[PDB]
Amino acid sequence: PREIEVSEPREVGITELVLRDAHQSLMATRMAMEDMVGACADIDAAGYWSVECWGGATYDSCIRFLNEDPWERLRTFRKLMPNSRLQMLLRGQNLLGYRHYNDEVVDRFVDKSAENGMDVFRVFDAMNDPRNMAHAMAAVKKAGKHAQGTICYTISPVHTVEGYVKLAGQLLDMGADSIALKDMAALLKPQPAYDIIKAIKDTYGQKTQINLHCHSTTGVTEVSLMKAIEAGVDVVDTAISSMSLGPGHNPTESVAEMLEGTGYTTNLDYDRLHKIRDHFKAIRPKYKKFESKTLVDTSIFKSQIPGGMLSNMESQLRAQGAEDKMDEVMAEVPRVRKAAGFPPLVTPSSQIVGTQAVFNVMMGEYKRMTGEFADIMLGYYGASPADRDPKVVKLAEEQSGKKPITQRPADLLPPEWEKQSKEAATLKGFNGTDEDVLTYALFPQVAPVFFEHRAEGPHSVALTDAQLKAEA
């Protein structure tokens, strides 16, 4: 017999993800505002620490598929849930866009987000480079909001508990009000969850607020949440049960109920949770055309490849002809990842590494490198967790003609707000607000079409009751 030290009896906070990450992960971010507003009053009174409802891929989805202004959605959520802490996911210097922006664009985006109601900003970087998060977080502090620095969890030869403890320290040094451990691929197992949370708390103090964000893709993370709570985690992210599991998240009600008698508890109102659950249970069937077909996939623990990346490369192998080389492409991913400095395999790094892996198997090793892969190797996306392969770096410079850099990429970007503002002002439909200039700066190719059709009002791409009933 042995013993395990566990935290003192206490309340654990819960962050609800149904309005953002749950539908992004389970139904391609297609959830229409019309299908969510009806649950806002109950969500607002359920007792959550925060409600994630903006950022991530929802900005793109609003203007590209739902003809909806993302800023109007944020204003509506602020109005319908006046007593809640609203939370968003922001990818640092890239904001919600496709590239790094000059510091002034980051300042304006954060300022308008805060002005329109955002309370908690979860700032992250796909390569875990703190320098890419530094300016956005300073802007959040300037706005007087809560800055949550994020650490993307991954498994690799260079990622260790000591490495995560070091990263947490760098985030606290740049003003983070809290630290978020983000496990998008559900790779965080129970013992590592306990060990990392405990090491951060022991090193920086019990006052260090840590929020754990785990998906349920591999089926092991609800046990990780329990171990994280024993290690002292302050808040855990979950999704209402009718919109949970699979590539999504662990169920809110299940996480609350499992704590009975352990000394830990949540302050969630079960009656409100039941109403929220029933609300989405009635709406989810309309999104069947966008659902995934796998509830549990643990293959990543061996292959390091997330199912979303795997099927993606598979489509590239068929449309290319030789798909009988899938087993070869999978053995190549680890090699490419290593060459790139072992970055976490989350969007967009995953698509980039996967594509380069397919190219190496097709036209030979680094014979043809995508422009994005070349940029990673040359440092235009920031620093990697480990040193990149000098041999491959050299090849990237000889194919791109760009010189390798090691300093924060945005240091080289010139002011661009005036240029963005002038170009945006020439599009039919532009309403003159900084919000619209931001939409143009973030999605130049979609902004034109959106501005022209926005007046029609938001639409839904979900099946109608008639179509649903017509299918049965």
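In this text, residue numbers run from 1 along the sequence as written.
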Mean B factor on CA atoms, stretches 179-187 and 380-388, record says higher is 380-388
Going by the entry, of stretches 356-364 and 246-254 the one with greater average Cα B-factor is 356-364
From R335, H274, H215, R99, which pick has the Cα B-factor that tops the rest in the entry?
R335
Can you tell me which of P409, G432, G47, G55 has the highest Cα temperature factor in the record?
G432
Would you mind checking where the Cα B-factor of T29 ranks among the modelled residues of its chain, as the lowest, middle or highest third?
lowest
By the entry's values, the third containing the CA B factor of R73 is the lowest
By the recorded C-alpha temperature factor, relative to the other modelled residues in its chain, which third is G169 in?
middle
Looking at the C-alpha B-factor of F373, is it in the lowest, middle or highest third of its chain?
highest
Quick tally, chain-level thirds of C-alpha B-factors: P448 sits in the highest
